[PDB]
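Here's the structure we're looking at; comments come further down.
With ideal geometry, Cβ positions are generated from the backbone for all residues, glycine too; neighbour counts draw on all protein chains shown. Please treat every number below as a calculation from the coordinates, not as lab data.
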Amino acid sequence: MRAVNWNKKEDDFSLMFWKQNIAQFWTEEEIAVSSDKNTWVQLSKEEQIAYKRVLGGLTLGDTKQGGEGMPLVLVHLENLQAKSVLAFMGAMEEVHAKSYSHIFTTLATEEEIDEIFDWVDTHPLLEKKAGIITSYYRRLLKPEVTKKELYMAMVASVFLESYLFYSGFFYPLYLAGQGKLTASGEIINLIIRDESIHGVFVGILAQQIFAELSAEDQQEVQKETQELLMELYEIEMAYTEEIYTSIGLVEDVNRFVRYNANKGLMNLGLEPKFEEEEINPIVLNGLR
Amino acid sequence: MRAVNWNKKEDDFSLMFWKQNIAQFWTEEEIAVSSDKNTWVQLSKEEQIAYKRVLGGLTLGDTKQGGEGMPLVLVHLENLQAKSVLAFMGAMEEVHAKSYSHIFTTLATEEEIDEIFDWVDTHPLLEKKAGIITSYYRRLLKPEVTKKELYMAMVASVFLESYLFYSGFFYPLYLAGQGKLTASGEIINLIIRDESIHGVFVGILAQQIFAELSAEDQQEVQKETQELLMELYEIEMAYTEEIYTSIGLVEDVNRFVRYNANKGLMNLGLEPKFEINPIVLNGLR
Ligand SMILES: [Mn+2]
Ligand SMILES: [Mn+2]
Ligand SMILES: [Mn+2]
Ligand SMILES: [Mn+2]
């Protein structure tokens, strides 16, 4: 039985990603958010509700990535150095999830926070989104998995945090770019800095697995990947309509979703499928 | 589907352990090992070989804990806050494993290091040890597991890092307690500091599951736990004889194994089953 040996490279990238993930390590106590209260109260009830709902959804995604996605993918990887990187990434998903609770403790009462998490747990589209993604992870709950199954779980993982999440990162970035909730915006930018390299790394692993497949299996997962992309896109358009109609941002959020879907495809070595638009300039200022 | 909500406690201890795990965070590059060369060369060939072999075995343990044990236990937990703690622990197991390579890079040539890892991969006792432990984890690769299966995986985890690899920490601590290889000893102490709280935490989770089992299931896992304890002990006794006879430390290491087996039992809320070396104790300072 093999032990991980870092003095002999198993690939050309795992060490670099290990060092980068460790270098970027942070926790929620590093950013004080109390100063956001002054701009929080300047928002409308509908704006506050949208903010809490999108952060509720982000918490769900990170809960599933740290608790199902990364662990089940990494268990089936044979590269021990890449496994190490995924374990660290999985830990950071739990830091991400906890940091949203750090924001909530400042911006909401205990009753209001209970309301958020109850709404998350019962929401039909969130359940549908999460259910489709985690079904790919659940297929890995067996002693031996096929590379097709492992590839598609990697695709699901890239789509979750390079793509599906951004319907949610939009609004904290949009507000931060307008000078509102900027401390919470600093936290969201730390999360995005992590997820950027999470998606690149998993996409590299996926491309390596894809190249190992038979031609028949490659054709199957190529088609399944494109179907999944557009299945999730249809659900995300319904979600954006539900969350953002009240505050007049549906089409803006949809453009951001398409932008990040193209990024997820490129992380997988695949061509863009949506027209190449510029990032919303207010969002861009929030990423600064 | 539920998201983790840290503003409402799911238990009375997960936050306490989250904060402590975080507070103890460290990486392999914090301790420079170069100064150990001066005491390394003063060891005999037999002492150097034993050192490299024990550290190879420790690496295997952490490779298995971070890549199999922690992920498969955590994926079946219902408590999302406890899940979070275990995910962080699993990440630290990879820090542990990488830190042994950091030591090797200073103390061994490239060819010698590849010899170590070849010896680890083909060693029959290490294969048997790891195979017994990871068979409890492999049982968790299915969509529905029983609480007996999850309990026994937690038992195996506690035994792995409260018990079954102290046959290995003995020698780094023994040398460090004599002023030899003290920088590597500092790394081992950071690892032990983590593993102390890993075993306690998984032991708490195990006791919580145990209390939900029927009386019949409790009887059955109690028997399996005591038999596993002694199956591993027999293998460990053979391992210590193989590793330490050349340097005259078999009986000392065996005493240390029994002491830590008792600690693993206590982490599970169980009574001790066996009736510390003072130089090892000085290496823990
Ligand atoms: Mn994340
Ligand atoms: Mn991620
Ligand atoms: Mn460890
Ligand atoms: Mn451990």
task: Neighbouring Cβ atoms within 10 Å as the yardstick, rank A:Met266, B:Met89 fewest first.
output: A:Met266, B:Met89
query: Applying the Karplus parametrisation 6.51 cos²θ - 1.76 cosθ + 1.60 with θ = phi - 60° to the phi angles of the range A:59-73, what ³J(HN,Hα) value in whole Hz is obtained for each residue in order, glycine and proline being reported as x?
result: 5, 4, x, 5, 4, 6, 5, x, x, 9, x, 5, x, 6, 4
statement: Given a Förster distance of 30 Å, the FRET efficiency implied by the Cβ-Cβ spacing of A:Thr146 and B:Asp114, rounded to the nearest 0.05, works out to 0.40
field: Peptide B:81-87, shielding by other chains (average Cβ, 10 Å cutoff)
entry: 6
message: About the Cα centre, and with charges only on the beta carbon of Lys, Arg (+1) and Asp, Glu (-1), how big is the dipole of chain B? Nearest 20 debye, please.
response: 740
field: Ranking of A:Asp11, A:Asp62, A:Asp194, B:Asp12 by count of other Cβ atoms within 10 Å, fewest first
entry: B:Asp12, A:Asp11, A:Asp194, A:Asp62
message: Only Cα pairs within less than 10 Å get springs; with that Gaussian network setup on chain A, which residue of A:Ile187, A:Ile116, A:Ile133 has the largest fluctuation?
response: A:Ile116
message: Using only DSSP helix segments of four residues or longer, with each worth -39500 (n - 2.57), what per-residue ellipticity at 222 nm results for chain B after dividing by its residue count and rounding to 500?
response: -23500 deg cm²/dmol
- request: Give me a single rounded figure for B:65-74: the average over its residues of other chain Cβ atoms within 10 Å of their Cβ.
  value: 5
message: Taking each pair of distinct Cα atoms in chain B once, what is the resulting Kirkwood hydrodynamic radius in Å?
response: 19.5
task: Return the whole-Å distance between the Cα centroid of the range B:50-125 and the Cα centroid of the range A:226-256.
output: 43
